[PDB]
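A.B. asks: Below you'll find the structure I mean.
Number of protein chains: 2
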Amino acid sequence: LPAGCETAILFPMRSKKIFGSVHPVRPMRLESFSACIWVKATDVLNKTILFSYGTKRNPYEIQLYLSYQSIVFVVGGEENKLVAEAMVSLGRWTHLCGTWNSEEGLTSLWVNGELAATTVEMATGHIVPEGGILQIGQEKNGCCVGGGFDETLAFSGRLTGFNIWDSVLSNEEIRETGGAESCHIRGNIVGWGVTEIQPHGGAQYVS
Amino acid sequence: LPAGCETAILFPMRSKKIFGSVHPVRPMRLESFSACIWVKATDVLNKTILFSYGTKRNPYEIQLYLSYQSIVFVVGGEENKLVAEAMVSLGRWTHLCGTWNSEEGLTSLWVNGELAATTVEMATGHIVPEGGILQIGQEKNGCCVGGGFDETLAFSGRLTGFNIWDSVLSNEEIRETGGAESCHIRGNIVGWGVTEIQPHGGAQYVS
């Protein structure tokens with residue numbers, strides 16, 4: 175387990191059926207936010223969508239994915255994105271965090287409690303609309319067609335601590351969530367064990 | 175049997191899952207086209223979506239929906255439509271059919287094989303996109319989610335003789351399709367009993 179957790183998803187095999195359905199309880203109102211996460215990637219491709227919140231008219235409303243030895247940060251749509259280079263590789267628990275603002279379009283990334291990317295005037299004044307759904311480990315593809323889901327974009331590996339925050343996280347708290355006692359640090363939008371998480375098609379906890 | 179047909183589909187109750195899955199054989203890419211049908215208007219609400227063909231970027235590519243007394247026929251989008259006034263019935267096998275072209279934006283509607291309405295230079299040059307889903311008996315929405323199909327948009331009743339053509343039908347052919355010897359003339363785009371049709375969510379085949 176990454177730092178002090180005892181539970182983690184297993185994702186033993188990426189196939190055309192592995193996915194999950196999360197049903198958060200509270201609104202997604204966000205003109206700014208931050209999202210720490212610990213990840214253990216087994217294989218990284220040019221395109222492998224770890225998750226993406228999508229609306230009926232904007233499936234790419236939120237998304238981040240690893241492009242070989244790089245990390246992509248998609249906001250709002252495919253066109254608007256931020257990328258850092260050569261930080262994520264196969265098989266190691268690594269803390270990923272970031273921040274965004276709509277006032278002057280400020281956004282940033284924080285790995286291991288340490289900066290990874292930053293820019294300004296992106297998604298300035300943007301507000302995420304509701305009505306979409308957040309999906310983990312898969313992109314929009316067939317589910318019950320004897321497979322269907324893109325095994326290419328599917329994921330295999332260990333994950334734990336699915337959390338989301340309603341506002342920006344200070345650099346101090348980002349560092350703390352990058353520390354060895356980050357398992358108990360959870361956000362309010364989503365908290366591990368607090369938010370409804372429904373693995374499917376292979377994603378197994380290792381509690 | 176009406177129109178000489180030998181099979182039909184019953185929509186016994188307007189419900190949030192009642193619909194049918196239609197998969198026409200050939201592409202829908204047409205400029206001048208026509209399609210006629212017999213409808214037994216069981217319920218005529220202020221809005222009872224008869225069907226809805228929609229592409230991802232345009233939910234209202236093609237949509238015929240029935241109002242209290244008017245057959246509102248939408249082409250391309252909500253902006254362009256063709257509408258009748260006081261000649262739609264309740265609980266009676268009735269004929270409604272329309273044509274369209276992009277050359278000069280021609281369009282028409284045909285009740286009981288008799289012309290109903292028409293306008294010119296409507297969507298001139300427009301080409302209907304292909305590859306979309308031809309949802310029937312209900313405006314496109316979720317079914318497996320559990321309900322999803324707004325019952326107001328849902329329709330109930332018996333349906334027979336589904337036909338789609340690749341050209342504007344002549345007046346003589348419209349009269350022929352409006353008679354008791356109209357079952358045999360079935361559309362090449364879709365022919366009653368040719369294109370696979372699966373009533374679902376309460377609907378069943380009937381004859």
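Protein sequences appear in the order of chains H and A. For the first sequence, position 35 (counting from the first letter as 1) is numbered 209 according to the authors' numbering, and the numbering increases by one without interruption. For the second sequence, position 158 (counting from the first letter as 1) is numbered 332 according to the authors' numbering, and the numbering increases by one without interruption. Backbone N, C-alpha and C fix where the C-beta goes; we use that ideal spot for every residue, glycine too.
Contact defined as beta carbons within less than 8 angstroms: I believe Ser263 of chain A pairs with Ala297 of chain A. What is the distance between those atoms, to the nearest angstrom?
C.D. replies: Position 89 of the second sequence, counting from 1, holds the residue named residue 263 of chain A. Position 123 of the second sequence, counting from 1, holds the residue named residue 297 of chain A. Incorrect: roughly 29 angstroms between the Cβ atoms, too far for contact.
A.B. asks: Which one or two residues does DSSP pair with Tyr379 of chain H in a beta bridge?
C.D. replies: Your numbering for residue 379 of chain H matches position 205 in the first sequence. In DSSP, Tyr379 of chain H forms a bridge with H:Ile183.
A.B. asks: Out of curiosity, what's the CA-to-CA distance linking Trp267 of chain A and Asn337 of chain A?
C.D. replies: The sequence position of residue 267 of chain A within the second sequence is 93, counting from 1. The sequence position of residue 337 of chain A within the second sequence is 163, counting from 1. Spanning the two alpha carbons is a distance of roughly 16 angstroms.
A.B. asks: Excluding the 5 residues preceding and the 5 following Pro176 of chain H in the sequence, name in chain order all residues of the same chain whose CB lies nearer than 7 angstroms to its CB.
C.D. replies: Reading the first sequence from its first residue, position 2 is the one you call residue 176 of chain H. Answer for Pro176 of chain H: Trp212, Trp267, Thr334, listed in chain order.
A.B. asks: Out of A:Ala182, A:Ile183, A:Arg188, which one is the CA nearest neighbour of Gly322 of chain A?
C.D. replies: For the purposes of this step, residue 322 of chain A is identified with residue 148 of the second sequence, where counting begins at 1. Nearest C-alpha to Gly322 of chain A: A:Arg188.
A.B. asks: Name the residue from A:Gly365, A:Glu370, A:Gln237 whose alpha carbon lies nearest to the alpha carbon of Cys179 of chain A.
C.D. replies: Counting from 1 along the second sequence, the entry for residue 179 of chain A is found at position 5. Closest by alpha carbon: A:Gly365.
A.B. asks: With DSSP as the reference, label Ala177 of chain H as helix, strand or coil.
C.D. replies: Numbered from 1 along the first sequence, position 3 holds the residue referred to as residue 177 of chain H. Here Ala177 of chain H sits in coil by DSSP.
A.B. asks: With a cut-off of 8 angstroms on the beta carbons, I'd call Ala260 of chain H and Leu283 of chain H a contact; round off their distance for me.
C.D. replies: Translated into positions along the first sequence, residue 260 of chain H becomes position 86. Translated into positions along the first sequence, residue 283 of chain H becomes position 109. Wrong, their Cβ atoms sit about 13 angstroms apart, outside the cutoff.
A.B. asks: Run through the region 321-370 of chain A for me and flag every whole alpha helix (DSSP H) of 4 or more residues, listed as ranges in chain order.
C.D. replies: Correct list: 345-351.
A.B. asks: Just how far apart, CA to CA, sit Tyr242 of chain A and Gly250 of chain H?
C.D. replies: On the second sequence, position 68 is the one that residue 242 of chain A refers to. On the first sequence, position 76 is the one that residue 250 of chain H refers to. Cα to Cα, the separation comes out at about 41 angstroms.
A.B. asks: Assuming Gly311 of chain A contacts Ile192 of chain A under a Cβ cut-off of 8 angstroms, what Cβ separation, rounded to an integer in Å, is found between them?
C.D. replies: As a position in the second sequence, residue 311 of chain A is number 137, starting the count at 1. As a position in the second sequence, residue 192 of chain A is number 18, starting the count at 1. Right, the Cβ-Cβ distance comes to about 7 angstroms (below 8 angstroms), so this counts as a contact.
A.B. asks: Which of the three DSSP states, helix, strand or coil, is assigned to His300 of chain H?
C.D. replies: Translated into positions along the first sequence, residue 300 of chain H becomes position 126. Here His300 of chain H sits in coil by DSSP.
A.B. asks: Please return the same chain residues whose Cβ sits closer than 7 angstroms to the Cβ of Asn362 of chain H, not counting the five positions on each side in sequence.
C.D. replies: Residue mapping note: residue 362 of chain H aligns to position 188 of the first sequence, counting from 1. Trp339, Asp340, listed in sequence order.
A.B. asks: When the Cα atoms are used, what is the spatial distance from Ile359 of chain H to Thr351 of chain H?
C.D. replies: On the first sequence, residue 359 of chain H is found 185 positions in, with the first residue counted as 1. On the first sequence, residue 351 of chain H is found 177 positions in, with the first residue counted as 1. About 6 angstroms.
A.B. asks: Return the chain-ordered list of same chain residues with a C-beta closer than 7 angstroms to the C-beta of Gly299 of chain H, the five sequence neighbours on each side being excluded.
C.D. replies: By 1-based counting over the first sequence, the position of residue 299 of chain H is 125. Excluding residues within five positions, the ones whose Cβ falls inside 7 angstroms are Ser276.
A.B. asks: What are the boundary residues of the beta strand (DSSP E) that includes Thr293 of chain A?
C.D. replies: The residue given as residue 293 of chain A occupies position 119 in the second sequence. Segment 288-293, the beta strand (DSSP E) holding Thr293 of chain A.
A.B. asks: Hey, how far is the Cα of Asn345 of chain H from the Cα of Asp324 of chain H?
C.D. replies: In the first sequence, residue 345 of chain H corresponds to position 171, counting from 1. In the first sequence, residue 324 of chain H corresponds to position 150, counting from 1. When rounded, the distance between both Cα atoms is 36 angstroms.
A.B. asks: Using beta-carbon positions only, say whether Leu204 of chain A and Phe225 of chain A come within less than 9 angstroms of one another.
C.D. replies: Counting from one through the second sequence, the residue named residue 204 of chain A turns up at place 30. Counting from one through the second sequence, the residue named residue 225 of chain A turns up at place 51. No, the Cβ-Cβ distance between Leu204 of chain A and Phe225 of chain A is not below 9 angstroms.
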